[PDB]
Amino acid sequence: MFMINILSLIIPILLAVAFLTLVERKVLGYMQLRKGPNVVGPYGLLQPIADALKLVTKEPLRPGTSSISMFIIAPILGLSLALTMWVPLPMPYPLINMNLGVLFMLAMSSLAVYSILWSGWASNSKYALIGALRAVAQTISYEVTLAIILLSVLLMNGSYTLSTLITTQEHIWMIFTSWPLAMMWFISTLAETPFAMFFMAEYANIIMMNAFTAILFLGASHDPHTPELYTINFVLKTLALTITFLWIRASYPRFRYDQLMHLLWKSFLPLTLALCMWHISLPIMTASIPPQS
Amino acid sequence: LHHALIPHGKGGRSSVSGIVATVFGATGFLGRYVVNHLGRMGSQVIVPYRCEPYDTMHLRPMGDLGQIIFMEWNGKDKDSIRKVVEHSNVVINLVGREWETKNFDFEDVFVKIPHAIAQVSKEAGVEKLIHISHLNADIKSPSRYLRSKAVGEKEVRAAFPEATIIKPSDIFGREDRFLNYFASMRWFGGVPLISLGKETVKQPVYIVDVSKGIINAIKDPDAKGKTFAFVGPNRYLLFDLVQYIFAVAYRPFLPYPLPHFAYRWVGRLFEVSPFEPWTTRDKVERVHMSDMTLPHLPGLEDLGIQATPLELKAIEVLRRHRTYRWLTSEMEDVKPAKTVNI
Ligand SMILES: CCCCCCCCCCCCCCCCCC(=O)OC[C@H](COP(=O)([O-])OCC[N+](C)(C)C)OC(=O)CCCCCCCCCCCCCCCCC
Ligand SMILES: NC(=O)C1=CN([C@@H]2O[C@H](COP(=O)(O)OP(=O)(O)OC[C@H]3O[C@@H](n4cnc5c(N)ncnc54)[C@H](OP(=O)(O)O)[C@@H]3O)[C@@H](O)[C@H]2O)C=CC1
């Protein structure tokens, strides 16, 4: 029945990808004195169905100067990635308990840059070429802060096994030991994230990033007998983070590129190095090095 | 003439030309171009559209306000015909279905309907009729197209003795269903032209001359009763055109002498799709049938219209087919395709 478990994950995540959009528009709506989708079905419950089947009935126009092969495989990778990093999440018990789950999460999430890079190239337009160039450099700039934060975070965890994160936190949320890193981590997650697909690809990244941040910094207690306790806690924590993720979507003017690079390489990277230096010696400092096994 | 029908104005949109057209089946390859030319001097078009108005919406911006009067009708309803042409100086018919449908058999679109409008329009009191008939149509052809058009042509001419009949040879244009049809071989594998296609000659004509002929036929008094044949100024063996247009598109020309009996079944296999079939068994041999050069039939030059050669009026339609690899190119490039020139 293991295959059934995959569909018991991919589809609801796909629906979860579908259904937080109404949350977004109504949160973004009610924020600006507005109402959000509330006329199509009760409180816009059927609004996601109101757009999806319309989109699939819309003809997918293709640019004349577009390489079809790349134009159709770039979304293939984009969706394939966006629904793959959901598999090793230590949600109650992960589908895959890869001993190197954190590395697998990073390598495969850093692969998303290919989709946007190919989309700009395959589209073959002046707008698409720069937009791909801007998006990728913004993205490829920000794994170095991503990797260091996660690396330095995991010194006090014990290994890259994502299931071990629960044991590490247990007593207190792990933010209380690395809250300078949490703001370091959370901000970096904002910027790293056919056309019908591209909704799904980046969007699962939005929730999973917050799901990834949820387990990493704000853990829960996984009772061996009853697993529903971790389920509710995990969902509630990743909902609060995502609401915050859209809380800041309509609360700041968007970053400009020169500051976007300046913010990292001159005010985020050097501080990330110091915290990593702080969190590499502190387990040694207090003889609190964790067990890998 | 009727008091509110005297031609006025210099031929602008808000100038009453006098012609009161009732073009049938304007939502087609030729209907759009003719209704534009009829709308370009101020003729109140009374087209019965039948499909969704959305597909007929693009006909709105080719006429003054209150000129293109869309009307509802049914092909199998005489009363529908009677209403639309009740008050019309002329009635123009282009009802044509290139493929075979379940609801309309091929004779339904070319025997019943073309004659089903002539007698009632005469009953209503029309003054003209420009029902067209394919030039290549033959009574004893193996294609249902050429048989059906011929038998319907005599009925409409007999029922309406003044019904001018236009004989277009091959109306090429933006979506003529030949040039893009010839371009369509790229996805469908090797070009399945039978016997390498060394035994068939076509004479195509650029569409807007044909529409120019139709309006000219409208204002020309001699058109009544006569039959006009509309052909281009040069003719080609079909192996030239397929090599030609592939070279104008700069696509790799990939001919293949597929046997005749194979394409006969494949044509109906293309028709298996419930939606618009890509290729029909009626068109499999319609391509391979050559053109006649009947001299007694008056042509465009006699009607006062010069015929543009296909070479010049090709880059417009062709540019859609070519990809980026030679999109920036211009005319010439491709060799001037060799004509056999009768
Ligand atoms: C014993 C103690 C050991 C550890 C001590 C650690 C050092 C002491 C604490 C240091 C400061 C706190 C940690 C680092 C924070 C970032 C530092 C930094 O560069 O700031 C200035 C930076 C840059 O500010 P700037 O660009 O104006 O100025 C920087 C300095 N110059 C001018 C020289 C370049 O601030 C930002 O980047 C602004 C925010 C950008 C993102 C926009 C959205 C913000 C959303 C905020 C609300 C949500 C927060 C969620 C938090 C996580 C929740 C799970
Ligand atoms: N390549 C070609 O198209 C060639 C065409 N011809 C002939 O010249 C004329 C071209 O007309 P054009 O408009 O360009 O052709 P199209 O096939 O592009 O469009 C035909 C038009 O007539 C309507 N129509 C066709 N059959 C019926 C029917 N049975 N009942 C109701 N409406 C119908 C169509 O409705 P809808 O839009 O809904 O389909 C459309 O408005 C026709 O007589 C055609 O047979 C001759 C040689 C080649």
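Values for this structure:
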item: Single residue of B:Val85, B:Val35 found to be under 21 Å from the mean Cα position of the chain (by Cα) and either away from ligand 2 (no atom under 12 Å from the Cβ) or more than 23 Å from B:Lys112 (Cβ to Cβ) (or both); result: B:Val35
item: Test for B:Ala337: is it surrounded by fewer than 17 Cβ atoms within 10 Å (Cβ to Cβ) and farther than 30 Å from B:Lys219 by Cα; result: no
item: Search result, residues across the range B:136-182 that are buried (at least 18 other Cβ atoms within 10 Å of the Cβ) and aromatic (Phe, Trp, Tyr); result: B:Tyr145, B:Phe160, B:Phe172, B:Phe178, B:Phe182
item: Boolean, B:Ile113 is buried (at least 22 other Cβ atoms within 10 Å of the Cβ) and either within 16 Å of ligand 1 (Cβ to nearest atom) or not aromatic (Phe, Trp, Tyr) (or both); result: yes
item: Residues being of a type in the set (S, T, N, Q), under 18 Å from A:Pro88 (Cα atoms) and more than 18 Å from the chain's Cα centre (by Cα) - total across the range A:205-232; result: 1
item: Number of the condition not met by B:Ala137 [criteria: (1) aliphatic (A, V, I, L, M); (2) within 17 Å of B:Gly25 (Cβ to Cβ); (3) assigned to a loop (DSSP other than H, G, I, E, B)]; result: (2)
item: Residue that is surrounded by the fewest Cβ atoms within 10 Å (Cβ to Cβ) [pool: residues in the range B:302-326 that are farther than 23 Å from B:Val191 by Cα and more than 19 Å from the chain's Cα centre (by Cα)]; result: B:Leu312
item: Hits in the range A:199-245 (condition: aliphatic (A, V, I, L, M) and within 12 Å of ligand 1 (Cβ to nearest atom)); result: A:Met209, A:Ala214, A:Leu216, A:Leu218, A:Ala240, A:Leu241, A:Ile243
item: The range B:318-342: number of residues that are more than 14 Å from every other protein chain (Cβ to nearest Cβ), of a type outside the set (A, V, I, L, M, F, W, C) and within 17 Å of B:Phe253 (Cα to Cα); result: 4
item: Condition broken by B:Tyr54, with the remaining ones in (1) out of contact with any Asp or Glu (no Cβ under 8 Å at 6 or more places or on another chain); (2) more than 14 Å from every other protein chain (Cβ to nearest Cβ); (3) within 13 Å of ligand 2 (Cβ to nearest atom) satisfied; result: (2)
item: Unique match (being more than 14 Å from chain A (Cβ to nearest Cβ), part of a helix (DSSP H, G or I) and near ligand 2 (Cβ under 9 Å from one of its atoms)) among B:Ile113, B:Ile166, B:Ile117; result: B:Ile113
item: Any hit, the range B:237-248, residues being part of a loop (DSSP other than H, G, I, E, B) and either of a type outside the set (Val, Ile, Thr) or within 14 Å of another protein chain (Cβ to nearest Cβ) (or both); result: no
item: Members of the range B:62-78 found to be part of a loop (DSSP other than H, G, I, E, B) and under 23 Å from the mean Cα position of the chain (by Cα), listed by number; result: B:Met62, B:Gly63, B:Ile68, B:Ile69, B:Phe70, B:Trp73, B:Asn74, B:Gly75, B:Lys76
item: Residue match in the range B:287-308 (condition: touching a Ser or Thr at 6+ places or on another chain (Cβ under 8 Å), outside any loop (DSSP other than H, G, I, E, B) and more than 14 Å from every other protein chain (Cβ to nearest Cβ)); result: yes
item: Subset tally (residues that are over 15 Å from A:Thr238 (Cβ atoms) and more than 16 Å from the chain's Cα centre (by Cα)) for the range A:16-26; result: 3
item: Residue count for the range B:249-267, restricted to those that are touching a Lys or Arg at 6+ places or on another chain (Cβ under 8 Å) and farther than 21 Å from B:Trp278 by Cα; result: 1
item: Residues being over 26 Å from A:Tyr230 (Cα atoms) and either away from ligand 1 (no atom under 13 Å from the Cβ) or not in a helix (DSSP H, G or I) (or both) - total across the range A:163-197; result: 5
item: Of the criteria (1) part of a helix (DSSP H, G or I); (2) exposed (fewer than 14 other Cβ atoms within 10 Å of the Cβ); (3) of a type in the set (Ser, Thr, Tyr), which one A:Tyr43 fails; result: (2)
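Rundown of residues vs (1) part of a helix (DSSP H, G or I); (2) within 23 Å of the chain's Cα centre (by Cα), yes/no style:
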{"site": "A:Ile243", "(1), (2)": "yes, yes"}
{"site": "A:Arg249", "(1), (2)": "no, yes"}
{"site": "A:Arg254", "(1), (2)": "no, yes"}
{"site": "A:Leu263", "(1), (2)": "yes, yes"}
{"site": "A:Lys266", "(1), (2)": "yes, no"}
{"site": "A:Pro270", "(1), (2)": "yes, no"}
{"site": "A:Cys276", "(1), (2)": "yes, yes"}
{"site": "A:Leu282", "(1), (2)": "yes, no"}
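Every residue, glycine as well, gets a Cβ built from its backbone with ideal geometry; the counts of neighbours run over all protein chains shown. Values in this text are rule-based calculations from the coordinates and carry no lab data.
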